[PDB]
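Text of final13.cif, listed as mmCIF, C-alpha atoms:
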```cif
data_work
#
loop_
_atom_site.group_PDB
_atom_site.id
_atom_site.type_symbol
_atom_site.label_atom_id
_atom_site.label_comp_id
_atom_site.auth_asym_id
_atom_site.auth_seq_id
_atom_site.Cartn_x
_atom_site.Cartn_y
_atom_site.Cartn_z
ATOM 1 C CA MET A 1 27.755 -18.418 -24.656
ATOM 2 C CA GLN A 2 26.854 -14.775 -24.116
ATOM 3 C CA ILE A 3 23.630 -13.649 -22.452
ATOM 4 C CA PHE A 4 22.352 -10.217 -21.469
ATOM 5 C CA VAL A 5 21.071 -9.244 -18.054
ATOM 6 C CA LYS A 6 19.052 -6.052 -17.901
ATOM 7 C CA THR A 7 17.634 -4.223 -14.918
ATOM 8 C CA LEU A 8 14.293 -2.432 -15.155
ATOM 9 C CA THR A 9 16.286 0.770 -14.610
ATOM 10 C CA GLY A 10 17.929 0.611 -18.028
ATOM 11 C CA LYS A 11 21.241 -0.935 -17.009
ATOM 12 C CA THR A 12 22.390 -3.779 -19.255
ATOM 13 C CA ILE A 13 25.342 -6.100 -18.790
ATOM 14 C CA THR A 14 26.781 -9.038 -20.696
ATOM 15 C CA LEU A 15 27.615 -12.396 -19.137
ATOM 16 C CA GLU A 16 29.509 -15.443 -20.333
ATOM 17 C CA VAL A 17 27.615 -18.549 -19.296
ATOM 18 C CA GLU A 18 26.912 -22.162 -20.245
ATOM 19 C CA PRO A 19 23.516 -23.751 -20.965
ATOM 20 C CA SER A 20 24.097 -26.072 -17.990
ATOM 21 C CA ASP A 21 24.812 -23.182 -15.606
ATOM 22 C CA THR A 22 22.362 -23.083 -12.718
ATOM 23 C CA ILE A 23 20.573 -19.844 -11.838
ATOM 24 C CA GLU A 24 22.655 -19.896 -8.654
ATOM 25 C CA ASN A 25 25.773 -20.082 -10.865
ATOM 26 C CA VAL A 26 24.585 -17.123 -12.905
ATOM 27 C CA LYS A 27 23.985 -15.016 -9.790
ATOM 28 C CA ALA A 28 27.540 -15.835 -8.678
ATOM 29 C CA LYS A 29 28.819 -14.569 -12.052
ATOM 30 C CA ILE A 30 26.804 -11.367 -11.653
ATOM 31 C CA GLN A 31 28.368 -10.860 -8.213
ATOM 32 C CA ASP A 32 31.811 -11.386 -9.770
ATOM 33 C CA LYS A 33 31.198 -8.818 -12.503
ATOM 34 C CA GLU A 34 29.039 -6.212 -10.743
ATOM 35 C CA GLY A 35 29.510 -6.825 -7.011
ATOM 36 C CA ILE A 36 25.806 -7.443 -6.341
ATOM 37 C CA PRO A 37 25.231 -10.043 -3.597
ATOM 38 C CA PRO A 38 23.366 -13.160 -4.826
ATOM 39 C CA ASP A 39 21.003 -12.882 -1.841
ATOM 40 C CA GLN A 40 19.662 -9.656 -3.375
ATOM 41 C CA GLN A 41 19.315 -10.959 -6.907
ATOM 42 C CA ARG A 42 16.115 -12.183 -8.505
ATOM 43 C CA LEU A 43 16.399 -13.264 -12.145
ATOM 44 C CA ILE A 44 13.347 -13.159 -14.386
ATOM 45 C CA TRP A 45 12.445 -14.960 -17.619
ATOM 46 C CA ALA A 46 9.093 -15.512 -19.344
ATOM 47 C CA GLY A 47 7.499 -13.150 -16.826
ATOM 48 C CA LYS A 48 8.468 -15.242 -13.821
ATOM 49 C CA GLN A 49 11.090 -15.598 -11.113
ATOM 50 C CA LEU A 50 13.720 -18.241 -11.825
ATOM 51 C CA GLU A 51 14.761 -20.896 -9.306
ATOM 52 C CA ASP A 52 18.362 -21.293 -8.114
ATOM 53 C CA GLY A 53 18.649 -25.032 -8.764
ATOM 54 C CA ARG A 54 17.325 -24.951 -12.346
ATOM 55 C CA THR A 55 19.585 -24.441 -15.370
ATOM 56 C CA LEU A 56 19.477 -21.939 -18.221
ATOM 57 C CA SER A 57 18.709 -24.796 -20.608
ATOM 58 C CA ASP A 58 15.776 -25.847 -18.386
ATOM 59 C CA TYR A 59 14.063 -22.560 -19.232
ATOM 60 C CA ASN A 60 15.090 -22.566 -22.935
ATOM 61 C CA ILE A 61 17.419 -19.637 -22.290
ATOM 62 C CA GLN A 62 19.816 -19.649 -25.232
ATOM 63 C CA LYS A 63 22.714 -17.697 -26.700
ATOM 64 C CA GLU A 64 22.016 -13.949 -26.743
ATOM 65 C CA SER A 65 18.907 -14.299 -24.565
ATOM 66 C CA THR A 66 18.064 -11.356 -22.321
ATOM 67 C CA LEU A 67 17.174 -11.947 -18.676
ATOM 68 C CA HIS A 68 15.767 -9.373 -16.279
ATOM 69 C CA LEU A 69 17.315 -8.672 -12.896
ATOM 70 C CA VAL A 70 15.546 -7.082 -9.944
ATOM 71 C CA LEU A 71 16.898 -6.565 -6.450
ATOM 72 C CA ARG A 72 15.404 -7.395 -3.083
ATOM 73 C CA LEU A 73 16.835 -5.369 -0.198
ATOM 74 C CA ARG A 74 15.908 -6.420 3.335
ATOM 75 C CA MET B 1 -6.051 6.663 -6.964
ATOM 76 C CA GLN B 2 -5.232 4.573 -10.025
ATOM 77 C CA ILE B 3 -2.043 2.641 -10.688
ATOM 78 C CA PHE B 4 -1.067 0.266 -13.471
ATOM 79 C CA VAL B 5 0.227 -3.244 -12.937
ATOM 80 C CA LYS B 6 2.078 -4.754 -15.870
ATOM 81 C CA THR B 7 3.656 -8.150 -16.318
ATOM 82 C CA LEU B 8 6.850 -8.589 -18.317
ATOM 83 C CA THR B 9 4.727 -10.512 -20.839
ATOM 84 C CA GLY B 10 2.602 -7.634 -22.145
ATOM 85 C CA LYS B 11 -0.370 -7.907 -19.805
ATOM 86 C CA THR B 12 -1.569 -4.690 -18.150
ATOM 87 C CA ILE B 13 -4.324 -3.959 -15.662
ATOM 88 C CA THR B 14 -5.544 -0.976 -13.697
ATOM 89 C CA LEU B 15 -6.003 -0.991 -9.917
ATOM 90 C CA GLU B 16 -7.703 1.385 -7.517
ATOM 91 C CA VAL B 17 -5.430 1.901 -4.509
ATOM 92 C CA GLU B 18 -4.669 4.256 -1.625
ATOM 93 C CA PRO B 19 -1.234 5.602 -0.665
ATOM 94 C CA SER B 20 -1.555 3.896 2.737
ATOM 95 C CA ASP B 21 -2.156 0.477 1.148
ATOM 96 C CA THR B 22 0.649 -1.944 1.889
ATOM 97 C CA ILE B 23 2.175 -3.958 -0.940
ATOM 98 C CA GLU B 24 0.388 -6.959 0.615
ATOM 99 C CA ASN B 25 -2.911 -5.056 0.256
ATOM 100 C CA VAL B 26 -2.113 -4.419 -3.404
ATOM 101 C CA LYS B 27 -1.455 -8.146 -3.909
ATOM 102 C CA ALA B 28 -4.892 -8.874 -2.450
ATOM 103 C CA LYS B 29 -6.463 -6.571 -5.051
ATOM 104 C CA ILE B 30 -4.532 -8.329 -7.801
ATOM 105 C CA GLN B 31 -5.806 -11.670 -6.521
ATOM 106 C CA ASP B 32 -9.349 -10.258 -6.537
ATOM 107 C CA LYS B 33 -9.043 -9.218 -10.186
ATOM 108 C CA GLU B 34 -6.742 -11.903 -11.609
ATOM 109 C CA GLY B 35 -7.067 -14.925 -9.324
ATOM 110 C CA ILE B 36 -3.330 -15.000 -8.652
ATOM 111 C CA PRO B 37 -2.451 -16.043 -5.061
ATOM 112 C CA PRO B 38 -0.419 -13.422 -3.147
ATOM 113 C CA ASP B 39 2.486 -15.801 -2.514
ATOM 114 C CA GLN B 40 2.904 -16.189 -6.279
ATOM 115 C CA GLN B 41 3.198 -12.417 -6.728
ATOM 116 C CA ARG B 42 6.198 -10.122 -6.657
ATOM 117 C CA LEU B 43 5.760 -6.393 -7.253
ATOM 118 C CA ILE B 44 8.550 -4.197 -8.654
ATOM 119 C CA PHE B 45 9.068 -0.419 -8.711
ATOM 120 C CA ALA B 46 12.190 1.401 -9.997
ATOM 121 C CA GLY B 47 14.078 -1.895 -10.175
ATOM 122 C CA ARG B 48 13.313 -2.829 -6.580
ATOM 123 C CA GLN B 49 11.286 -5.849 -5.479
ATOM 124 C CA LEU B 50 8.908 -4.263 -2.981
ATOM 125 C CA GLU B 51 8.501 -5.439 0.618
ATOM 126 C CA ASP B 52 5.042 -6.736 1.536
ATOM 127 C CA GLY B 53 4.678 -4.790 4.775
ATOM 128 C CA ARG B 54 5.590 -1.363 3.379
ATOM 129 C CA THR B 55 3.127 1.048 1.751
ATOM 130 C CA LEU B 56 2.810 2.681 -1.662
ATOM 131 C CA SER B 57 3.509 5.984 0.106
ATOM 132 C CA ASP B 58 6.665 4.485 1.671
ATOM 133 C CA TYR B 59 7.997 3.858 -1.840
ATOM 134 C CA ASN B 60 6.767 7.226 -3.189
ATOM 135 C CA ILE B 61 4.483 5.428 -5.637
ATOM 136 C CA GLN B 62 2.060 8.079 -6.835
ATOM 137 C CA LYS B 63 -1.069 8.177 -8.977
ATOM 138 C CA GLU B 64 -0.803 6.726 -12.499
ATOM 139 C CA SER B 65 2.457 4.946 -11.588
ATOM 140 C CA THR B 66 3.287 1.553 -13.070
ATOM 141 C CA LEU B 67 4.317 -1.446 -10.959
ATOM 142 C CA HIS B 68 5.730 -4.565 -12.546
ATOM 143 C CA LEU B 69 4.218 -7.894 -11.545
ATOM 144 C CA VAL B 70 6.530 -10.902 -11.621
ATOM 145 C CA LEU B 71 5.080 -14.347 -11.012
ATOM 146 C CA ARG B 72 6.611 -16.995 -8.828
ATOM 147 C CA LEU B 73 5.641 -20.657 -8.991
ATOM 148 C CA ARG B 74 7.668 -23.814 -8.373
ATOM 149 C CA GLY B 75 8.689 -25.626 -11.544
ATOM 150 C CA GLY B 76 7.752 -22.791 -13.850
#
```

Will you turn the file into structure tokens for me?
Amino acid sequence: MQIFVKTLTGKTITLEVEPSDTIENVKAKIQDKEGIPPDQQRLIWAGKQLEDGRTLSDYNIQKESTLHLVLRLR
Amino acid sequence: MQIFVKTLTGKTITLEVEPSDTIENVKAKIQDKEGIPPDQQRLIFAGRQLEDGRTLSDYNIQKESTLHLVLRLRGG
């Protein structure tokens, strides 16, 4: 299925994912498409930071859902 | 000075801060007003998750700026 990942800087990308994809999986796909290291990525849904071991389905993230992405640089 | 803190779920508050306040200091103020423990807070400005030990001045966060608050809690 397709989801959207938007930064808070106005940048939007599409991703092809599966409901059973883990958040860690999704970060890997974002690295593949955009080059952003997973260690920097924090994905956000329902106002909160998602956990690497949980799946999209776990959070009721469905087709055409929009996630937020913010970056931690340290 | 005044800044705004907004969640990504439509909740907004005002906070009185100083430029020399660290992000950690800001989290303490949010806990004072909202009851949210600092470790459950993440603050965002211009797409960047802010580091706890740096200041509002370090990030060029000026009066009437908006910070985004993202929550962080195991299982949710």

Nearby residues (only C-alpha atoms) at most 12 Å from residue 74 (chain B), same-chain spacing under 6 positions excluded, as a PDB file with C-alpha atoms, keeping the file's coordinate frame:
```pdb
ATOM      1  CA  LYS A  48       8.468 -15.242 -13.821  1.00  0.00           C
ATOM      2  CA  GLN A  49      11.090 -15.598 -11.113  1.00  0.00           C
ATOM      3  CA  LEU A  50      13.720 -18.241 -11.825  1.00  0.00           C
ATOM      4  CA  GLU A  51      14.761 -20.896  -9.306  1.00  0.00           C
ATOM      5  CA  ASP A  52      18.362 -21.293  -8.114  1.00  0.00           C
ATOM      6  CA  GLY A  53      18.649 -25.032  -8.764  1.00  0.00           C
ATOM      7  CA  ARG A  54      17.325 -24.951 -12.346  1.00  0.00           C
TER       8      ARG A  54
ATOM      9  CA  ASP B  39       2.486 -15.801  -2.514  1.00  0.00           C
ATOM     10  CA  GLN B  40       2.904 -16.189  -6.279  1.00  0.00           C
TER      11      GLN B  40
END
```

Practice problem: Check which residues satisfy the PyMOL selection byres ((chain B and resi 13) around 10) in the file shown, then give them as a list in words. | Solution: residues 3, 4, 5, 6, 7, 11, 12, 14, 15, 30, 33, 34 and 66 of chain B

Quiz item: Once the PyMOL selection byres ((chain B and resi 52) around 10) has been applied to the shown file, what residues remain in the selection, as a VMD selection string?
Solution: chain B and resid 22 to 27 38 42 to 43 49 to 51 53 to 55

Quiz item: Could you write out as a count of residues only the residues that the PyMOL selection byres ((chain A and resi 59-64) around 9) matches in the shown file?
Solution: 19

Quiz prompt | Interface, chain B side, toward chain A (7 Å; all atoms listed in the file) as a list in words | solution =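 Going by the stated atoms only, the list reads residues 7, 8, 9, 46, 47, 48, 49, 70, 71 and 72 of chain B.
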
To test the calculation: enclose all listed atoms of region 56-63 of chain B in a box whose edges run along x, y and z, add 6 Å on each side, then state centre and edge lengths in Å to one decimal, as lines of an AutoDock Vina configuration file.
```
center_x = 3.5
center_y = 5.4
center_z = -3.7
size_x = 21.1
size_y = 17.5
size_z = 22.6
```

Neighbour list for residue 34 (chain A) as a PDB file with C-alpha atoms, keeping the file's coordinate frame, cut-off 10 Å, all atoms listed in the file, skip fewer than 5 positions in-chain:
```
ATOM      1  CA  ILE A  13      25.342  -6.100 -18.790  1.00  0.00           C
ATOM      2  CA  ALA A  28      27.540 -15.835  -8.678  1.00  0.00           C
ATOM      3  CA  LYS A  29      28.819 -14.569 -12.052  1.00  0.00           C
TER       4      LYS A  29
END
```

Exercise. Just give me the gap between CA of residue 37 (chain A) and CA of residue 68 (chain B) in Å, one decimal is fine.
Key: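 Interatomic distance, CA of residue 37 (chain A) to CA of residue 68 (chain B): 22.1 Å.
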
Quiz item: Which distance in Å separates CA of residue 59 (chain B) and CA of residue 16 (chain B), to one decimal?
Solution: 16.9 Å

Quiz item: Quick one: of B:36, B:10, B:69, B:44, who's nearest to residue 56 (chain B), counting all atoms listed in the file?
Solution: B:44

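Between CA of residue 38 (chain A) and CA of residue 45 (chain B) the interatomic distance comes to 19.5 Å.
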
Since fewer atoms than expected are present, regenerate N, CA and C atoms for region 51-69 of chain A and write them as a PDB file, keeping the file's coordinate frame.
```pdb
ATOM      1  N   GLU A  51      14.357 -20.158 -10.499  1.00  0.00           N
ATOM      2  CA  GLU A  51      14.761 -20.896  -9.306  1.00  0.00           C
ATOM      3  C   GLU A  51      16.237 -21.278  -9.342  1.00  0.00           C
ATOM      4  N   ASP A  52      16.907 -21.142  -8.198  1.00  0.00           N
ATOM      5  CA  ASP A  52      18.362 -21.293  -8.114  1.00  0.00           C
ATOM      6  C   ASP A  52      18.898 -22.616  -8.646  1.00  0.00           C
ATOM      7  N   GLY A  53      18.186 -23.708  -8.379  1.00  0.00           N
ATOM      8  CA  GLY A  53      18.649 -25.032  -8.764  1.00  0.00           C
ATOM      9  C   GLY A  53      18.392 -25.448 -10.208  1.00  0.00           C
ATOM     10  N   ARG A  54      17.610 -24.658 -10.939  1.00  0.00           N
ATOM     11  CA  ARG A  54      17.325 -24.951 -12.346  1.00  0.00           C
ATOM     12  C   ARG A  54      18.415 -24.362 -13.240  1.00  0.00           C
ATOM     13  N   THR A  55      18.567 -24.921 -14.438  1.00  0.00           N
ATOM     14  CA  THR A  55      19.585 -24.441 -15.370  1.00  0.00           C
ATOM     15  C   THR A  55      18.996 -23.507 -16.419  1.00  0.00           C
ATOM     16  N   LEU A  56      19.879 -22.795 -17.111  1.00  0.00           N
ATOM     17  CA  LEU A  56      19.477 -21.939 -18.221  1.00  0.00           C
ATOM     18  C   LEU A  56      18.747 -22.762 -19.272  1.00  0.00           C
ATOM     19  N   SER A  57      19.308 -23.920 -19.608  1.00  0.00           N
ATOM     20  CA  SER A  57      18.709 -24.796 -20.608  1.00  0.00           C
ATOM     21  C   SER A  57      17.297 -25.233 -20.207  1.00  0.00           C
ATOM     22  N   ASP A  58      17.075 -25.429 -18.904  1.00  0.00           N
ATOM     23  CA  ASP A  58      15.776 -25.847 -18.386  1.00  0.00           C
ATOM     24  C   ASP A  58      14.670 -24.875 -18.791  1.00  0.00           C
ATOM     25  N   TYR A  59      15.023 -23.602 -18.909  1.00  0.00           N
ATOM     26  CA  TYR A  59      14.063 -22.560 -19.232  1.00  0.00           C
ATOM     27  C   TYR A  59      14.075 -22.170 -20.714  1.00  0.00           C
ATOM     28  N   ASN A  60      14.871 -22.882 -21.513  1.00  0.00           N
ATOM     29  CA  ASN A  60      15.090 -22.566 -22.935  1.00  0.00           C
ATOM     30  C   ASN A  60      15.755 -21.196 -23.116  1.00  0.00           C
ATOM     31  N   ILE A  61      16.604 -20.834 -22.164  1.00  0.00           N
ATOM     32  CA  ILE A  61      17.419 -19.637 -22.290  1.00  0.00           C
ATOM     33  C   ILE A  61      18.619 -19.991 -23.161  1.00  0.00           C
ATOM     34  N   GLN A  62      18.783 -19.285 -24.273  1.00  0.00           N
ATOM     35  CA  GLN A  62      19.816 -19.649 -25.232  1.00  0.00           C
ATOM     36  C   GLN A  62      20.827 -18.530 -25.435  1.00  0.00           C
ATOM     37  N   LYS A  63      21.737 -18.728 -26.384  1.00  0.00           N
ATOM     38  CA  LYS A  63      22.714 -17.697 -26.700  1.00  0.00           C
ATOM     39  C   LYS A  63      21.979 -16.402 -27.022  1.00  0.00           C
ATOM     40  N   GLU A  64      22.505 -15.301 -26.486  1.00  0.00           N
ATOM     41  CA  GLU A  64      22.016 -13.949 -26.743  1.00  0.00           C
ATOM     42  C   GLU A  64      20.643 -13.668 -26.134  1.00  0.00           C
ATOM     43  N   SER A  65      20.148 -14.575 -25.289  1.00  0.00           N
ATOM     44  CA  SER A  65      18.907 -14.299 -24.565  1.00  0.00           C
ATOM     45  C   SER A  65      19.100 -13.153 -23.578  1.00  0.00           C
ATOM     46  N   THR A  66      18.015 -12.449 -23.282  1.00  0.00           N
ATOM     47  CA  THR A  66      18.064 -11.356 -22.321  1.00  0.00           C
ATOM     48  C   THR A  66      17.229 -11.698 -21.096  1.00  0.00           C
ATOM     49  N   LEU A  67      17.880 -11.771 -19.940  1.00  0.00           N
ATOM     50  CA  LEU A  67      17.174 -11.947 -18.676  1.00  0.00           C
ATOM     51  C   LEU A  67      16.923 -10.599 -18.018  1.00  0.00           C
ATOM     52  N   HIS A  68      15.940 -10.547 -17.124  1.00  0.00           N
ATOM     53  CA  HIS A  68      15.767  -9.373 -16.279  1.00  0.00           C
ATOM     54  C   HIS A  68      16.316  -9.636 -14.889  1.00  0.00           C
ATOM     55  N   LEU A  69      16.840  -8.589 -14.266  1.00  0.00           N
ATOM     56  CA  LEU A  69      17.315  -8.672 -12.896  1.00  0.00           C
ATOM     57  C   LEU A  69      16.630  -7.613 -12.049  1.00  0.00           C
TER      58      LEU A  69
END
```
